[PDB]
Amino acid sequence: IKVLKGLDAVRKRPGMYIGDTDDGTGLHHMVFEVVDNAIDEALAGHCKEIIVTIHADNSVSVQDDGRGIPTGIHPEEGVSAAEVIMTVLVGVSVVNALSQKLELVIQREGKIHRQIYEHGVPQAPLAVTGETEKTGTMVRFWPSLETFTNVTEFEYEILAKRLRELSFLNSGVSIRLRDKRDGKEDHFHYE
Ligand SMILES: CCNC(=O)Nc1cc2c(-c3ccncc3)ccc(Nc3cccnc3)c2cn1
């Protein structure tokens, strides 16, 4: 009840939270917000590589090789830690609220865990979708076409420019950018 309140307020006044929704600046801020959390995981010393991928279906994904977002459940509440992070209130919860769809995949403790959201509403509980020995977090989102106008597609240059800065403002962090639309790719890292 409290969560759906905060996500409505973001949806109601998105410019407040993400930046201008009509000129691409807010659209691309969506990506940097997701990346910021992967950066924090790298600064804690747990993540060595961040990969940002522009797909051909109007989505972007951000992957890291960190510890993975926690997957534990509150016994008496049911609601998973991952869900709380994605829904509670700039932070990913804002990206989630302004995403037509968002997919979270976590590799942690020998399992792959997945949860889907639509406009920030979880479609089902976090669930096991496989096994792995890798660890890390993958967030993929499709921006709301009710929120964003004029520039609704991700632009490589805007991403490349800010990902490069992010790598030199937190040096030792490797950030790769891949565009599946045309095969363009970059690796940003500084010593
Ligand atoms: C591709 C995006 N990557 C990412 O969010 N990495 C990440 C985030 C963690 C967070 C977090 C996420 C979003 N907003 C705020 C915080 C919290 C905790 C993590 N892991 C963790 C921390 C402490 C103990 N156990 C797991 C995260 C790991 N990777």
# chains A, B, ... in the order shown; residues from 1 in each chain; ligands from 1

call {"tool": "residues_around", "arguments": {"residues": "stretch 39-56 of chain A", "least_positions_apart": "5", "cutoff": "7 Å", "atoms": "only C-alpha atoms", "output": "PyMOL selection string"}}
result
chain A and resi 61-67+173-181

call {"tool": "select_by_dssp", "arguments": {"residues": "stretch 4-125 of chain A", "states": "helix (DSSP H, G or I)", "output": "PDB file with C-alpha atoms, in the first residue's frame"}}
result
ATOM      1  CA  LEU A   4       2.238   1.681  -4.739  1.00  0.00           C
ATOM      2  CA  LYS A   5       1.869   5.204  -3.294  1.00  0.00           C
ATOM      3  CA  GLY A   6       5.536   6.132  -3.892  1.00  0.00           C
ATOM      4  CA  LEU A   7       5.573   4.576  -7.379  1.00  0.00           C
ATOM      5  CA  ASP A   8       2.429   6.504  -8.350  1.00  0.00           C
ATOM      6  CA  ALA A   9       4.047   9.782  -7.246  1.00  0.00           C
ATOM      7  CA  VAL A  10       7.118   9.048  -9.427  1.00  0.00           C
ATOM      8  CA  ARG A  11       4.864   8.103 -12.359  1.00  0.00           C
ATOM      9  CA  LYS A  12       2.785  11.265 -11.786  1.00  0.00           C
ATOM     10  CA  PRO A  14       8.651  11.924 -13.544  1.00  0.00           C
ATOM     11  CA  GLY A  15      10.579  15.093 -14.438  1.00  0.00           C
ATOM     12  CA  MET A  16      11.006  15.626 -10.696  1.00  0.00           C
ATOM     13  CA  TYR A  17      12.794  12.304 -10.273  1.00  0.00           C
ATOM     14  CA  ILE A  18      14.558  11.384 -13.544  1.00  0.00           C
ATOM     15  CA  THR A  25      18.059  13.448 -20.921  1.00  0.00           C
ATOM     16  CA  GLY A  26      15.775  11.623 -18.468  1.00  0.00           C
ATOM     17  CA  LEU A  27      15.736   8.513 -20.713  1.00  0.00           C
ATOM     18  CA  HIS A  28      19.478   8.155 -20.509  1.00  0.00           C
ATOM     19  CA  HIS A  29      19.539   9.031 -16.771  1.00  0.00           C
ATOM     20  CA  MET A  30      17.505   5.819 -16.364  1.00  0.00           C
ATOM     21  CA  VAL A  31      20.606   3.893 -17.512  1.00  0.00           C
ATOM     22  CA  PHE A  32      23.056   5.848 -15.318  1.00  0.00           C
ATOM     23  CA  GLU A  33      20.917   5.237 -12.242  1.00  0.00           C
ATOM     24  CA  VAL A  34      21.149   1.466 -12.784  1.00  0.00           C
ATOM     25  CA  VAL A  35      24.883   1.744 -13.458  1.00  0.00           C
ATOM     26  CA  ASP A  36      25.431   3.818 -10.266  1.00  0.00           C
ATOM     27  CA  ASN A  37      24.413   0.841  -8.114  1.00  0.00           C
ATOM     28  CA  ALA A  38      26.794  -1.486  -9.972  1.00  0.00           C
ATOM     29  CA  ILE A  39      29.507   1.144  -9.403  1.00  0.00           C
ATOM     30  CA  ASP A  40      28.790   1.081  -5.632  1.00  0.00           C
ATOM     31  CA  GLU A  41      29.153  -2.705  -5.670  1.00  0.00           C
ATOM     32  CA  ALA A  42      32.566  -2.221  -7.398  1.00  0.00           C
ATOM     33  CA  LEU A  43      33.668   0.388  -4.830  1.00  0.00           C
ATOM     34  CA  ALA A  81      14.925  -8.437  -0.177  1.00  0.00           C
ATOM     35  CA  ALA A  82      15.372  -7.943  -3.953  1.00  0.00           C
ATOM     36  CA  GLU A  83      11.743  -6.838  -4.244  1.00  0.00           C
ATOM     37  CA  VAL A  84      12.086  -4.282  -1.447  1.00  0.00           C
ATOM     38  CA  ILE A  85      15.125  -2.742  -3.158  1.00  0.00           C
ATOM     39  CA  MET A  86      13.349  -2.562  -6.543  1.00  0.00           C
ATOM     40  CA  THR A  87      10.106  -1.046  -5.202  1.00  0.00           C
ATOM     41  CA  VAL A  92      16.453   1.876  -9.140  1.00  0.00           C
ATOM     42  CA  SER A  93      12.946   1.998  -7.714  1.00  0.00           C
ATOM     43  CA  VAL A  94      12.514   5.176  -9.809  1.00  0.00           C
ATOM     44  CA  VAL A  95      13.822   3.401 -12.945  1.00  0.00           C
ATOM     45  CA  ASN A  96      11.419   0.526 -12.206  1.00  0.00           C
ATOM     46  CA  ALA A  97       8.451   2.905 -11.768  1.00  0.00           C
TER      47      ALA A  97
END

call {"tool": "closest_residue", "arguments": {"among": "A:91, A:117, A:13, A:139", "to": "residue A:69", "atoms": "only C-alpha atoms"}}
result
A:139

call {"tool": "closest_residue", "arguments": {"among": "A:74, A:187, A:2, A:101", "to": "residue A:145", "atoms": "only C-alpha atoms"}}
result
A:101

call {"tool": "select_by_dssp", "arguments": {"residues": "stretch 35-86 of chain A", "states": "strand (DSSP E)", "output": "short mmCIF file (atom, residue, chain, number, x, y, z; two decimals) with N, CA and C atoms, in the first residue's frame"}}
result
data_model
loop_
_atom_site.label_atom_id
_atom_site.label_comp_id
_atom_site.auth_asym_id
_atom_site.auth_seq_id
_atom_site.Cartn_x
_atom_site.Cartn_y
_atom_site.Cartn_z
N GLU A 49 33.78 -5.86 -13.16
CA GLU A 49 33.31 -5.48 -14.49
C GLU A 49 31.82 -5.23 -14.61
N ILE A 50 31.52 -4.10 -15.25
CA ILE A 50 30.17 -3.68 -15.57
C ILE A 50 30.00 -3.70 -17.11
N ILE A 51 28.93 -4.31 -17.59
CA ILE A 51 28.62 -4.36 -19.03
C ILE A 51 27.24 -3.75 -19.28
N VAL A 52 27.19 -2.73 -20.12
CA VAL A 52 25.94 -2.10 -20.52
C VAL A 52 25.69 -2.47 -22.00
N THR A 53 24.49 -2.98 -22.28
CA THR A 53 24.13 -3.49 -23.61
C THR A 53 22.86 -2.85 -24.11
N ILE A 54 22.93 -2.25 -25.29
CA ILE A 54 21.76 -1.69 -25.94
C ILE A 54 21.22 -2.81 -26.85
N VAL A 60 17.63 -1.70 -22.50
CA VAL A 60 19.04 -1.71 -22.14
C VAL A 60 19.20 -2.62 -20.96
N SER A 61 20.32 -3.34 -20.93
CA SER A 61 20.67 -4.08 -19.76
C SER A 61 22.01 -3.61 -19.18
N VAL A 62 22.12 -3.79 -17.86
CA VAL A 62 23.34 -3.49 -17.13
C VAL A 62 23.60 -4.75 -16.32
N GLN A 63 24.81 -5.28 -16.45
CA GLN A 63 25.25 -6.48 -15.75
C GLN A 63 26.48 -6.15 -14.95
N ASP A 64 26.64 -6.79 -13.80
CA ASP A 64 27.91 -6.74 -13.09
C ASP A 64 28.27 -8.14 -12.62
#

call {"tool": "residues_around", "arguments": {"residues": "residue A:191", "least_positions_apart": "5", "cutoff": "12 Å", "atoms": "only C-alpha atoms", "output": "JSON, numbers by chain"}}
result
{"A": [167, 168, 169, 170, 171, 172, 173, 174]}

call {"tool": "atom_distance", "arguments": {"atom1": "atom CA of residue A:119", "atom2": "atom CA of residue A:89"}}
result
14.0 Å

call {"tool": "closest_residue", "arguments": {"among": "A:1, A:184, A:149, A:190", "to": "residue A:166", "atoms": "only C-alpha atoms"}}
result
A:190

call {"tool": "atom_distance", "arguments": {"atom1": "atom CA of residue A:150", "atom2": "atom CA of residue A:58"}}
result
13.9 Å

call {"tool": "closest_residue", "arguments": {"among": "A:189, A:134, A:140, A:111", "to": "ligand 1", "atoms": "only C-alpha atoms and all ligand atoms"}}
result
A:140

call {"tool": "atom_distance", "arguments": {"atom1": "atom CA of residue A:136", "atom2": "atom 19 (C, counted along the ligand's line) of ligand 1"}}
result
8.9 Å

call {"tool": "closest_residue", "arguments": {"among": "A:88, A:127, A:102, A:73", "to": "residue A:142", "atoms": "only C-alpha atoms"}}
result
A:102
